[PDB]
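Inspection log for the structure reproduced underneath, given as structure tokens.
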Amino acid sequence: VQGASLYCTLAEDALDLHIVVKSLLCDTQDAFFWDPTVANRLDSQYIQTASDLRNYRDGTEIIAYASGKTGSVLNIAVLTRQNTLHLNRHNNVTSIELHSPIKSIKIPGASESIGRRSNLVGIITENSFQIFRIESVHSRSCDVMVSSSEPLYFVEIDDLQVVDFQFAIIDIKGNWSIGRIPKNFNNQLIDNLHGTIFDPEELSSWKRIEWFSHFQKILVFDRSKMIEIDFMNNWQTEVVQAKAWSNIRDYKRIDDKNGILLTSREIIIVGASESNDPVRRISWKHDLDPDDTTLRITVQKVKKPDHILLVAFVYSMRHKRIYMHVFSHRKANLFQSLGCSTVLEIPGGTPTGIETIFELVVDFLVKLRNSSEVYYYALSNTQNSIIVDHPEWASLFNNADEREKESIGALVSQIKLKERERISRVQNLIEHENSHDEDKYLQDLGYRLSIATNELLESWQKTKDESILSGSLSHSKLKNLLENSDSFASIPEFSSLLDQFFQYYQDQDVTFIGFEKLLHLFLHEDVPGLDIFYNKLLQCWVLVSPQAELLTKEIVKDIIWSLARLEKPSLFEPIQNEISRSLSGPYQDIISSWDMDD
Amino acid sequence: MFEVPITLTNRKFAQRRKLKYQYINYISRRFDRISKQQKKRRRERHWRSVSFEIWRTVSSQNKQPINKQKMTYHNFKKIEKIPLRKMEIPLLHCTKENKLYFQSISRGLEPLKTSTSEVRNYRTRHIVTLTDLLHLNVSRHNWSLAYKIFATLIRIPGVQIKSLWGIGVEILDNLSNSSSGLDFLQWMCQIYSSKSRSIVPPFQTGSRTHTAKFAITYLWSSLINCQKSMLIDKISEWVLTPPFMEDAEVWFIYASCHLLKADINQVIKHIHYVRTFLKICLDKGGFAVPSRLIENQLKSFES
Amino acid sequence: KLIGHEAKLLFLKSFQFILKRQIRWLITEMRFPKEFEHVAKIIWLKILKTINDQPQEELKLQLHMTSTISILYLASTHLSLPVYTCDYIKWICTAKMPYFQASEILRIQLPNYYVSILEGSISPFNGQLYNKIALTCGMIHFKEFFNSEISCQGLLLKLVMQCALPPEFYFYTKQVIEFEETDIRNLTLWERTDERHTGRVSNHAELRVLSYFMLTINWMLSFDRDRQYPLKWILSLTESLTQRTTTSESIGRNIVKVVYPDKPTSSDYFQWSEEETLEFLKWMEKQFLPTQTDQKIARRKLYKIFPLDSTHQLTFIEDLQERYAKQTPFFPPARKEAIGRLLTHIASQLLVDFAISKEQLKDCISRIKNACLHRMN
Ligand SMILES: [Mg+2]
């Protein structure tokens with residue numbers, strides 16, 4: 001719109017989105033809050049040693065990631081990229097043990113202007129700040145021998161937020177220092193230019209130093225504001241917004257020197273100079289929508305003939321979703337935006353590190369909350385071409401000892417042969433359907449049960465005047481004759497038995513419960529007949545099991561029995577204890593007891 | 001996982017705001033000493049500044065030089081030691097979850113539960129899922145579904161309209177039926193440009209000083225509804241109508257209407273016209289390309 | 001204006017009134033029996049008599065909504081109806097059975113102390129329901145006064161059909177059930193306190209039923225030395241279970257997924273199909289008319305600017321039939337994987353459906369699994 005009709009309304013392009021390509025790379029209060037001083041515990045970037053500067057070889061790609069029970073060891077090892085990025089063939093990770101937990105690791109890289117690339121990688125612990133030289137990796141076996149540019153435990157008993165980079169720059173909560181690293185061996189790192197951005201009314205601990213233009217001028221951040229500091233003169237500026245409606249959420253230098261990517265809350269900010277002197281950009285921006293404190297960002301930078309476009313990954317610690325926007329650098333210092341897109345990932349947890357390195361391919365690594373794995377991902381535009389270890393449930397399914405294997409197998413055999421007994425047993429009962437034998441059985445069954453039911457009704461007459469409760473004892477049953485249930489095997493004549501039993505005990509003060517309206521809960525549609533119940537279940541299972549007729553009959557029998565009513569003497573007996581308990585209660589709770597409201 | 005268009009559940013977040021700004025008061029007070037209530041939160045949040053047409057910012061020059069270390073461990077804990085007990089008093093009145101909250105923000109930790117993520121009431125959690133599905137579908141080009149989401153959402157009694165860009169790009173890419181994004185935008189401007197705090201950032205605003213988003217977007221988008229043409233003297237008729245003189249961007253909208261109408265002495269008057277509104281658009285925070293894209297077009301016109 | 005210090009009467013009146021309101025909706029719209037009402041007057045009568053045998057003007061009563069549902073389930077279980085807690089959770093989370101509003105918007109102005117005593121403790125979703133029904137089961141005693149045996153076998157059926165298991169697993173799980181218990185299932189887990197730390201994660205009958213169910217599937221399937229259940233059909237079972245389709249049930253479980261405390265289930269609303277989202281907005285304009293709480297007509301025309309707006313979706317036994325057919329092709333160590341993903345999906349469904357925790361469930365099936373290993377070894 002802006003340029004299309006400044007020149008003289010849809011977009012510039014059609015509608016294209018996200019796809020994946022996955023791979024494994026390497027393996028290694030608090031419930032409601034998090035420490036901002038722990039940014040990222042793994043980096044991977046192009047490094048270049050001295051022996052790489054004798055030739056024209058462009059160094060190598062390395063990863064450095066933290067490890068340990070207490071996360072207090074550094075691991076540095078080389079990568080080789082072929083079909084997809086992968087760890088070196090000889091897998092000789094070079095790990096060095098510290099005694100302090102690692103809070104932040106970053107390998108600095110260098111500008112294109114210097115010709116060289118970084119020779120070092122630096123770390124902030126809970127106790128110290130150290131810089132490591134990588135000196136002379138060699139292909140004899142893919143070794144990465146490193147040296148320990150010496151720690152400085154503390155000068156101020158202060159934790160340090162961010163390190164930026166030859167210039168070791170530190171930020172501790174409010175106050176910063178520019179410093180330098182020793183050359184190779186064995187004098188350690190010193191400083192002489194210092195400052196502070198302290199702000200009593202910002203409680204969150206994270207601040208951040210990353211400089212700008214390579215002009216030898218720095219940026220210092222807290223969740224309240226963004227301060228530029230031209231630090232080889234004397235210069236300081238609070239750039240134009242402050243702390244009114246949003247917090248600075250992250251900032252990372254979009255890799256090209258004069259380029260700045262800042263997550264606020266609900267805004268992706270592309271700062272970057274369009275003047276040799278440092279800048280702000282209010283070249284308009286996009287916005288992204290939460291209250292989440294835990295948002296971070298990274299950019300990948302892809303090159304093309306007519307533009308130079310940047311992909312912005314904003315990720316969280318709450319949900320494994322990644323939120324992506326795309327910008328473009330047509331170097332008239334032209335910036336435009338196109339439309340949003342978001343992807344998910346997998347079960348419980350969330351990103352602790354996202355790190356980047358007519359279609360778009362953008363590739364990176366992720367590390368998830370509380371999972372030592374490091375996964376390489378790749379993303380493409382179109383399509384022209386769970387492995388469960390939930391240790392909570394496997395610990396519940398795989399139980400250890402061998403007698404706890406053959407124990408389970410023993411029980412399984414017990415029930416399996418029992419099931420054979422069920423099949424062979426009921427079979428002949430199915431052979432007799434509509435027989436005169438099953439008729440005899442439904443007769444002497446129905447009214448045998450009628451005799452027992454009457455007996456239990458007499459022994460309900462003797463205890464009738466209880467009036468303390470209103471639920472008769474062990475009521476609803478076949479009433480202590482159990483063999484009489486099973487032996488039949490014809491659902492409709494059995495439903496007719498029950499209908500004529502309910503009919504028979506219509507002599508009042510007896511329970512009434514209509515089954516159909518309750519099978520409603522079983523099949524989730526009106527089940528008028530006790531038979532149609534059997535029909536529907538039999539369709540379903542006749543698709544799936546042999547003797548589905550026998551089981552379905554045995555289970556509609558089992559259900560119809562499990563629900564076979566015979567509760568306390570009916571409605572006229574409950575009102576007795578109803579009123580009599582509504583008596584022993586004090587008089588005005590008795591006045592509050594209220595039927596038929598409105 | 002998206003912003004909700006409802007006022008936030010009230011009880012606990014407000015008393016946390018209390019504890020926060022009250023402790024902030026005590027620490028910053030004693031800090032200025034060493035350098036020598038909703039209303040407490042109110043004063044506290046108070047004393048503080050509250051080649052293409054880039055509404056440029058204010059860059060770096062005329063700003064004061066430096067500061068060198070103010071805060072060692074001992075000195076900070078000097079400033080911190082006392083205001084924390086003062087906090088020990090009303091911490092005893094607030095709830096335990098907000099005790100632990102205050103202790104953690106005052107340790108410097110940050111909460112990883114959002115205000116949304118802990119509202120946990122039926123209706124609001126449902127609205128959260130609804131709004132989410134709106135934002136998702138709008139990302140997914142599913143303008144049909146997204147439209148159903150939007151209508152069902154605005155139906156609900158709690159949602160006031162941040163969602164206007166949602167519907168702007170929504171009906172824009174919809175093309176389907178309903179009175180389109182221009183209709184909606186000029187509606188937003190007609191209803192919310194007259195008198196006729198908590199909830200209000202800048203993408204919905206009051207007509208004292210700049211009502212931003214919707215106005216400039218119906219302005220430009222209407223000039224693009226002239227890109228449909230080659231209506232203009234209409235758009236600059238009702239850009240001529242309002243006095244809101246600081247509105248420089250509407251001065252560049254004005255001069256753009258005159259350049260688009262300039263594409264005989266009438267065309268002359270239109271070219272002198274745009275020549276004028278460009279400088280009365282140098283009145284305010286500049287939208288500039290140069291003088292040559294401004295004029296060189298007008299000399300290709302002077303042909 | 002509003003009562004002071006003896007609005008115990010008004011409190012118990014809005015409470016009792018809300019109860020009979022819910023009963024009206026379940027005999028009416030759920031085709032319950034009329035006897036349920038009298039059983040409810042008896043149980044609510046017993047605990048009403050017990051709180052009005054308590055003295056203090058300090059109320060000390062907690063008539064939360066969990067007590068309403070608690071006496072509904074208590075009475076239903078006495079009457080041996082095949083309704084289970086998950087029926088209730090579904091019924092209330094889908095706004096069908098009125099629940100979430102103390103006298104929903106339309107009533108009475110009570111002391112804000114009691115309005116809070118109602119709106120508070122509203123959720124059932126961490127087993128609050130099981131704990132509140134055992135608590136009521138102490139408050140007035142289950143044993144002599146009522147018959148607190150659960151309707152076990154219909155829950156087995158409910159469960160096999162809820163998966164797509166062949167009807168053998170009804171008798172399987174029924175048999176492991178008889179094996180550890182011999183079928184005796186209680187309702188109290190009460191020793192009035194908050195304190196508990198062993199023996200009493202697993203003594204709500206249902207949760208043990210689910211535990212036996214899961215266990216059964218794992219054992220049974222991982223020891224079919226017959227090879228009765230193919231290495232594949234466990235996969236096809238998992239997939240027919242996984243295919244998000246639009247029946248009243250699955251749509252419901254989505255609606256419950258929305259108000260379940262823990263992720264993932266909300267990531268599950270993230271992954272809804274277009275038809276799921278559509279039937280969702282349908283349920284929104286239908287059952288969020290049960291909402292709560294010049295320019296007004298300007299917003300009737302304003303909202304009337306954009307439209308407020310042969311049965312396609314199939315029934316329950318239709319879907320059930322069709323996945324039973326989707327596996328109808330019925331007639332080596334990485335099959336344990338199939339076992340495990342099936343078990344974890346089934347688990348997921350049970351966690352949302354029976355409003356408990358991941359950790360709760362696995363605690364119970366862990367305990368009762370060692371409770372079968374112990375009576376097996
Ligand atoms: Mg400021």
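Within each chain, counting starts at residue 1; across the structure tokens, chains are named A, B, ... in the order shown, with ligands numbered 1 upward in that order.
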Once you count only C-alpha atoms and all ligand atoms, which residues end up within 9 Å of ligand 1, and could you hand them over as a tab-separated table (two decimals) with C-alpha atoms, in the first residue's frame?
```tsv
chain	number	residue	atom	x	y	z
A	224	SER	CA	12.17	-0.30	31.31
A	225	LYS	CA	14.23	1.34	28.56
A	238	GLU	CA	17.32	7.25	26.37
A	239	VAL	CA	15.63	6.41	23.04
A	240	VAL	CA	12.25	7.68	22.54
A	241	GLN	CA	9.90	5.41	24.41
A	242	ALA	CA	10.32	4.38	28.04
A	243	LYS	CA	8.21	2.27	30.40
A	244	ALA	CA	4.55	3.26	29.99
B	48	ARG	CA	6.96	10.03	34.16
B	49	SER	CA	6.45	10.86	30.46
B	50	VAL	CA	3.20	8.98	30.02
```
If we count only C-alpha atoms and set the cut-off at 12 Å, which residues sit around residue C:25, ignoring sequence neighbours fewer than 3 positions away in its own chain? Please answer as a count of residues only. 20
Output as an NGL selection string the set of chain A residues within 6 Å of chain C, with distances taken over only C-alpha atoms. :A and (396 or 409 or 469 or 471 or 517 or 540 or 543-544 or 578 or 585)
May I have the residues from that selection written out with N, CA, C and O atoms, as a compact mmCIF listing (two decimals), in the first residue's frame?
```
# COMPACT_ATOMS: atom_id res chain seq x y z
N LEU A 396 5.29 -47.59 35.01
CA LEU A 396 4.06 -48.22 35.44
C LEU A 396 3.70 -49.45 34.62
O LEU A 396 2.84 -50.23 35.04
N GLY A 409 2.33 -62.66 33.10
CA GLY A 409 1.96 -63.72 32.17
C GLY A 409 1.11 -64.80 32.81
O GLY A 409 0.18 -65.32 32.19
N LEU A 469 -33.19 -44.04 58.55
CA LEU A 469 -32.75 -43.86 57.16
C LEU A 469 -33.95 -44.07 56.22
O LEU A 469 -35.09 -44.23 56.66
N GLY A 471 -33.04 -45.91 52.99
CA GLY A 471 -32.53 -46.85 52.02
C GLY A 471 -32.47 -48.25 52.60
O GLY A 471 -31.66 -48.53 53.49
N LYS A 517 -35.06 -45.07 29.57
CA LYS A 517 -34.63 -43.71 29.80
C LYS A 517 -33.22 -43.64 30.38
O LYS A 517 -32.61 -42.57 30.39
N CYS A 540 -22.15 -53.15 16.23
CA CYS A 540 -20.79 -52.70 16.50
C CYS A 540 -19.83 -53.87 16.64
O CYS A 540 -18.79 -53.92 15.99
N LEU A 543 -19.05 -56.46 13.86
CA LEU A 543 -17.97 -56.07 12.96
C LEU A 543 -16.58 -56.53 13.42
O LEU A 543 -15.64 -56.43 12.63
N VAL A 544 -16.41 -57.02 14.65
CA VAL A 544 -15.08 -57.05 15.26
C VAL A 544 -14.73 -58.35 15.99
O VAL A 544 -13.56 -58.69 16.14
N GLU A 578 -38.23 -38.77 55.62
CA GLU A 578 -38.09 -37.40 55.16
C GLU A 578 -38.62 -36.42 56.20
O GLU A 578 -37.90 -35.55 56.71
N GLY A 585 -34.41 -31.93 63.35
CA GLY A 585 -33.70 -30.70 63.10
C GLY A 585 -34.38 -29.53 63.78
O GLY A 585 -35.60 -29.50 63.94
```
Which chain C residues have any atom within 7 Å of an atom of chain B, and for each, what is the nearest pair of atoms with distance in Å to one decimal, counting only C-alpha atoms, rows sorted by chain and number, as a Markdown table?
```
| residue | atom | partner | partner_atom | distance |
| --- | --- | --- | --- | --- |
| C:258 | CA | B:126 | CA | 6.7 |
| C:259 | CA | B:122 | CA | 6.5 |
| C:281 | CA | B:149 | CA | 6.9 |
| C:285 | CA | B:152 | CA | 6.7 |
| C:306 | CA | B:178 | CA | 6.6 |
| C:308 | CA | B:151 | CA | 6.2 |
```
Let's have the selection written as a PDB file, in the first residue's frame, with N, CA, C and O atoms.
```pdb
ATOM      1  N   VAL C 258     -11.411 -27.315  27.109  1.00  0.00           N
ATOM      2  CA  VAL C 258     -11.152 -25.880  27.176  1.00  0.00           C
ATOM      3  C   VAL C 258     -10.976 -25.402  28.618  1.00  0.00           C
ATOM      4  O   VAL C 258     -10.238 -24.442  28.864  1.00  0.00           O
ATOM      5  N   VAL C 259     -11.613 -26.056  29.592  1.00  0.00           N
ATOM      6  CA  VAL C 259     -11.589 -25.618  30.991  1.00  0.00           C
ATOM      7  C   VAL C 259     -10.869 -26.612  31.898  1.00  0.00           C
ATOM      8  O   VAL C 259     -11.077 -26.608  33.106  1.00  0.00           O
ATOM      9  N   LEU C 281     -18.145 -22.940  17.550  1.00  0.00           N
ATOM     10  CA  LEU C 281     -18.873 -21.677  17.469  1.00  0.00           C
ATOM     11  C   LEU C 281     -20.376 -21.893  17.527  1.00  0.00           C
ATOM     12  O   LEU C 281     -21.108 -21.045  18.052  1.00  0.00           O
ATOM     13  N   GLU C 285     -22.752 -19.904  20.202  1.00  0.00           N
ATOM     14  CA  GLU C 285     -23.967 -19.115  20.030  1.00  0.00           C
ATOM     15  C   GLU C 285     -25.192 -19.794  20.634  1.00  0.00           C
ATOM     16  O   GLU C 285     -26.195 -19.118  20.883  1.00  0.00           O
ATOM     17  N   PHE C 306     -22.783  -6.554  11.074  1.00  0.00           N
ATOM     18  CA  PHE C 306     -22.171  -7.779  10.580  1.00  0.00           C
ATOM     19  C   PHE C 306     -22.944  -8.981  11.107  1.00  0.00           C
ATOM     20  O   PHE C 306     -23.214  -9.067  12.319  1.00  0.00           O
ATOM     21  N   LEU C 308     -25.031 -11.799  12.672  1.00  0.00           N
ATOM     22  CA  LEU C 308     -24.942 -12.714  13.805  1.00  0.00           C
ATOM     23  C   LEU C 308     -25.120 -14.164  13.375  1.00  0.00           C
ATOM     24  O   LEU C 308     -24.616 -15.068  14.050  1.00  0.00           O
TER      25      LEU C 308
END
```
Go through chain B residue by residue and, counting only C-alpha atoms, keep those with an atom at most 7 Å from chain A; for each kept residue give the shortest atom pair and its distance in Å to one decimal, ordered by chain and increasing number, as a Markdown table.
```
| residue | atom | partner | partner_atom | distance |
| --- | --- | --- | --- | --- |
| B:1 | CA | A:290 | CA | 6.6 |
| B:2 | CA | A:289 | CA | 4.8 |
| B:3 | CA | A:289 | CA | 4.8 |
| B:24 | CA | A:201 | CA | 5.2 |
| B:27 | CA | A:200 | CA | 6.4 |
| B:28 | CA | A:200 | CA | 5.5 |
| B:50 | CA | A:244 | CA | 5.9 |
| B:54 | CA | A:283 | CA | 5.3 |
| B:55 | CA | A:282 | CA | 6.8 |
| B:56 | CA | A:282 | CA | 5.6 |
| B:57 | CA | A:282 | CA | 5.7 |
| B:58 | CA | A:240 | CA | 6.4 |
| B:59 | CA | A:279 | CA | 5.7 |
| B:60 | CA | A:237 | CA | 6.3 |
| B:63 | CA | A:237 | CA | 5.5 |
| B:64 | CA | A:236 | CA | 5.9 |
| B:65 | CA | A:235 | CA | 4.2 |
| B:66 | CA | A:236 | CA | 5.7 |
| B:67 | CA | A:195 | CA | 5.4 |
| B:68 | CA | A:195 | CA | 4.0 |
| B:69 | CA | A:196 | CA | 4.9 |
| B:70 | CA | A:196 | CA | 6.5 |
| B:72 | CA | A:156 | CA | 6.3 |
| B:73 | CA | A:157 | CA | 6.2 |
| B:105 | CA | A:203 | CA | 6.3 |
| B:106 | CA | A:203 | CA | 6.0 |
| B:108 | CA | A:204 | CA | 4.3 |
| B:109 | CA | A:35 | CA | 5.2 |
| B:110 | CA | A:33 | CA | 5.4 |
| B:111 | CA | A:33 | CA | 4.3 |
| B:112 | CA | A:33 | CA | 5.3 |
| B:113 | CA | A:32 | CA | 6.2 |
| B:114 | CA | A:292 | CA | 5.3 |
| B:139 | CA | A:341 | CA | 5.5 |
| B:224 | CA | A:5 | CA | 6.5 |
| B:227 | CA | A:5 | CA | 6.9 |
```
Store the residues picked out above, limited to N, CA and C atoms, as a CSV table (one decimal), in the first residue's frame.
```csv
chain,number,residue,atom,x,y,z
B,1,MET,N,-3.2,-18.0,23.5
B,1,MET,CA,-1.8,-17.5,23.5
B,1,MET,C,-1.8,-16.1,22.8
B,2,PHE,N,-2.9,-15.5,22.7
B,2,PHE,CA,-3.0,-14.2,22.1
B,2,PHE,C,-3.7,-13.2,23.1
B,3,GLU,N,-3.5,-11.9,22.9
B,3,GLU,CA,-4.1,-10.9,23.8
B,3,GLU,C,-5.6,-11.1,23.8
B,24,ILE,N,8.2,0.0,45.3
B,24,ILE,CA,8.9,0.8,44.3
B,24,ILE,C,9.1,2.2,44.9
B,27,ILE,N,11.8,2.2,47.8
B,27,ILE,CA,13.2,2.0,47.4
B,27,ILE,C,13.7,3.3,46.6
B,28,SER,N,12.8,3.8,45.7
B,28,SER,CA,13.3,5.0,45.0
B,28,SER,C,13.3,6.2,45.9
B,50,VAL,N,4.2,10.0,30.1
B,50,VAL,CA,3.2,9.0,30.0
B,50,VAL,C,2.9,8.5,28.6
B,54,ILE,N,8.2,7.7,6.4
B,54,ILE,CA,8.4,7.2,7.8
B,54,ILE,C,8.2,8.4,8.7
B,55,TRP,N,7.2,8.3,9.7
B,55,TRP,CA,6.9,9.2,10.7
B,55,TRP,C,8.1,9.3,11.7
B,56,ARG,N,9.3,9.7,11.3
B,56,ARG,CA,10.5,9.5,12.0
B,56,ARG,C,10.5,9.8,13.4
B,57,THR,N,11.4,9.2,14.2
B,57,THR,CA,11.5,9.3,15.7
B,57,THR,C,12.3,10.5,16.1
B,58,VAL,N,12.9,10.5,17.3
B,58,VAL,CA,13.8,11.6,17.7
B,58,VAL,C,15.2,10.9,18.0
B,59,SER,N,16.1,11.1,17.1
B,59,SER,CA,17.4,10.4,17.1
B,59,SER,C,18.3,10.9,18.3
B,60,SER,N,19.6,10.5,18.3
B,60,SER,CA,20.5,10.8,19.4
B,60,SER,C,21.3,12.0,19.0
B,63,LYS,N,22.0,15.0,24.3
B,63,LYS,CA,21.6,14.1,25.5
B,63,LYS,C,22.9,13.9,26.3
B,64,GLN,N,22.7,13.9,27.6
B,64,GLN,CA,23.7,14.1,28.6
B,64,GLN,C,24.7,13.0,28.7
B,65,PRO,N,26.0,13.2,29.1
B,65,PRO,CA,27.1,12.3,28.8
B,65,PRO,C,27.1,11.0,29.4
B,66,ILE,N,27.0,10.8,30.7
B,66,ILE,CA,27.5,9.6,31.3
B,66,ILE,C,26.9,9.4,32.7
B,67,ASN,N,27.3,8.3,33.3
B,67,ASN,CA,27.3,8.0,34.8
B,67,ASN,C,28.3,6.9,35.0
B,68,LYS,N,29.0,7.0,36.1
B,68,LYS,CA,29.9,6.0,36.5
B,68,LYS,C,29.5,5.3,37.8
B,69,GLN,N,29.5,4.0,37.9
B,69,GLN,CA,29.0,3.1,38.9
B,69,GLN,C,28.3,3.8,40.0
B,70,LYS,N,27.0,3.5,40.2
B,70,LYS,CA,26.3,4.0,41.4
B,70,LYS,C,26.2,2.9,42.5
B,72,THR,N,27.2,-0.7,44.2
B,72,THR,CA,27.9,-1.9,44.7
B,72,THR,C,26.9,-2.7,45.5
B,73,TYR,N,27.4,-3.9,45.8
B,73,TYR,CA,26.6,-4.8,46.6
B,73,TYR,C,26.2,-4.2,48.0
B,105,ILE,N,9.3,-11.0,42.7
B,105,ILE,CA,9.6,-9.9,41.9
B,105,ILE,C,10.7,-9.0,42.6
B,106,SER,N,10.7,-9.0,43.9
B,106,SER,CA,11.6,-8.3,44.7
B,106,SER,C,13.0,-9.0,44.9
B,108,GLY,N,13.9,-10.2,42.1
B,108,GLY,CA,14.2,-10.0,40.7
B,108,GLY,C,13.7,-11.0,39.7
B,109,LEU,N,13.2,-12.2,40.2
B,109,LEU,CA,12.6,-13.1,39.3
B,109,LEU,C,11.4,-12.5,38.6
B,110,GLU,N,11.0,-13.2,37.5
B,110,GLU,CA,9.9,-12.8,36.7
B,110,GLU,C,8.8,-13.9,36.7
B,111,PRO,N,7.6,-13.6,36.7
B,111,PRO,CA,6.6,-14.7,36.8
B,111,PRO,C,6.4,-15.4,35.4
B,112,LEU,N,6.3,-16.7,35.4
B,112,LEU,CA,6.1,-17.4,34.1
B,112,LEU,C,4.6,-17.8,34.0
B,113,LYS,N,3.7,-17.3,34.8
B,113,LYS,CA,2.3,-17.3,34.7
B,113,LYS,C,1.8,-15.9,34.3
B,114,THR,N,1.0,-15.8,33.2
B,114,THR,CA,0.4,-14.6,32.8
B,114,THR,C,-0.8,-14.3,33.6
B,139,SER,N,-4.3,-16.1,10.9
B,139,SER,CA,-3.0,-16.4,10.4
B,139,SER,C,-3.1,-17.4,9.3
B,224,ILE,N,-6.3,4.5,-1.9
B,224,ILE,CA,-6.1,3.3,-2.7
B,224,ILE,C,-7.4,2.9,-3.3
B,227,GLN,N,-6.8,4.4,-6.2
B,227,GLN,CA,-6.0,3.5,-7.1
B,227,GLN,C,-7.0,2.5,-7.8
```
Can you list every residue in stretch 355-431 of chain A that DSSP puts in strand (DSSP E), as a list in words? residues 355, 356, 362, 363, 364, 365, 366, 367, 368, 374, 375, 376, 377, 378 and 379 of chain A
Write out as a PyMOL selection string which residues come within 10 Å of residue A:303 when counting only C-alpha atoms, dropping same-chain ones fewer than 6 positions away. chain A and resi 309-310+328-329
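Nearest to residue C:127 of all the residues C:233, C:269, C:260, C:283 is C:260, counting only C-alpha atoms.
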Selection near residue A:101, 10 Å with only C-alpha atoms, sequence-local residues under 6 positions removed, as a PyMOL selection string: chain A and resi 66-74+124-128
Any chance you could export the current selection's N, CA and C atoms as a CSV table (one decimal), in the first residue's frame?
```csv
chain,number,residue,atom,x,y,z
A,66,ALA,N,26.2,-26.3,27.5
A,66,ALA,CA,26.4,-26.7,28.9
A,66,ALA,C,25.9,-28.0,29.2
A,67,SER,N,26.5,-28.7,30.2
A,67,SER,CA,26.2,-30.0,30.6
A,67,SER,C,26.5,-30.2,32.1
A,68,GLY,N,26.0,-31.3,32.7
A,68,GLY,CA,26.3,-31.6,34.1
A,68,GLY,C,25.1,-31.7,34.9
A,69,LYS,N,25.2,-32.5,36.0
A,69,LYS,CA,24.1,-32.5,37.0
A,69,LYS,C,23.7,-31.1,37.4
A,70,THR,N,24.7,-30.3,37.8
A,70,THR,CA,24.5,-28.9,38.1
A,70,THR,C,24.7,-27.9,36.9
A,71,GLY,N,24.8,-28.5,35.7
A,71,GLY,CA,25.0,-27.7,34.5
A,71,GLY,C,26.2,-26.8,34.6
A,72,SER,N,27.3,-27.4,35.0
A,72,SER,CA,28.5,-26.6,35.3
A,72,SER,C,29.7,-27.1,34.5
A,73,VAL,N,29.5,-27.7,33.4
A,73,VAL,CA,30.6,-28.1,32.5
A,73,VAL,C,30.3,-27.5,31.1
A,74,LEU,N,31.4,-27.1,30.4
A,74,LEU,CA,31.3,-26.6,29.1
A,74,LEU,C,31.7,-27.7,28.1
A,124,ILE,N,29.2,-16.8,31.1
A,124,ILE,CA,28.9,-16.2,32.4
A,124,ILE,C,28.3,-17.4,33.3
A,125,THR,N,28.9,-17.5,34.5
A,125,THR,CA,28.5,-18.5,35.4
A,125,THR,C,27.6,-17.9,36.5
A,126,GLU,N,27.4,-18.6,37.6
A,126,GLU,CA,26.9,-18.0,38.8
A,126,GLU,C,28.1,-17.4,39.7
A,127,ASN,N,29.3,-17.7,39.3
A,127,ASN,CA,30.4,-17.3,40.1
A,127,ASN,C,31.5,-16.5,39.4
A,128,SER,N,31.5,-16.6,38.0
A,128,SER,CA,32.7,-16.1,37.3
A,128,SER,C,32.3,-15.7,35.9
```
Point-to-point distance in Å for atom CA of residue A:18 and atom CA of residue C:348: 28.2 Å
